[PDB]
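Given next, in structure tokens, is a single chain: the form deposited in one PDB entry.
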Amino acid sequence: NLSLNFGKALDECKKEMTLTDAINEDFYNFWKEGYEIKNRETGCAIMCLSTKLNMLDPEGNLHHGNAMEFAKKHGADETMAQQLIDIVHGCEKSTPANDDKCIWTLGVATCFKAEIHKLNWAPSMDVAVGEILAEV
């Protein structure tokens, strides 16, 4: 469980987007089964971690719009990775518009989590999170 490291990145995000401590546990639990988190700062956390990919991948394969090698190393080939990517894009289209980008992003991640659940293969949280963070 949890091959990507978000610890330091989350810390930096809390100071840069002036976020309370609630995000140190909320970012993680956001992804657990049957958990619906409706807090904006979880949105902000996601948006801000998609800006620090270079700190999350211990092997340095996680980059924006360019994550196939990371995917591969986390149980998913290219067609599998690509389907996660298409769900992020379809989610970025279907989520209602919003000037608060933290809120919109929480929307997208919310929509993403529900769609990837419908996949007959079961993505690790690492490759699921990695892929949305890489397309956001």
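Note that the rigid core is defined as the largest set of C-alphas that superpose within 1.5 Å between two forms. Quick note: we count residues from 1 along the sequence shown, nothing fancier.
- Higher mean CA B-factor, judged across 123 to 131 and 8 to 16 from the recorded values: 8 to 16.
- For the two regions 42 to 50 and 69 to 77, the entry's Cα B-factors average higher over 69 to 77.
- Residue 26: CA B factor lies in the lowest third for its chain, per the PDB record.
- Annotation for residue 100: CA B-factor lies in the highest third of the chain's modelled residues.
- Annotation for residue 55: CA B-factor lies in the highest third of the chain's modelled residues.
What comes next is about the form deposited in another entry, which does not appear here.
- Rigid core superposed between this form and the one not shown, residues 98, 94, 29, 82 considered: the one with a C-alpha shift of 2 Å or more is 29.
- With the core held fixed, residue 40 shows a CA shift below 2 Å between this form and the one not shown.
- In the core-superposed comparison between this form and the one not shown, residue 122 has its Cα shifted by at least 2 Å.
- Positional change of residue 111 between this form and the one not shown stays under 2 Å at the C-alpha, relative to the superposed core.
- In that other deposited form, the CA atoms of residue 125 and residue 113 sit farther apart than in the displayed form, by at least 3 angstroms.
- In that other deposited form, the Cα atoms of residue 110 and residue 6 sit 3 Å or more nearer to each other than they do here.
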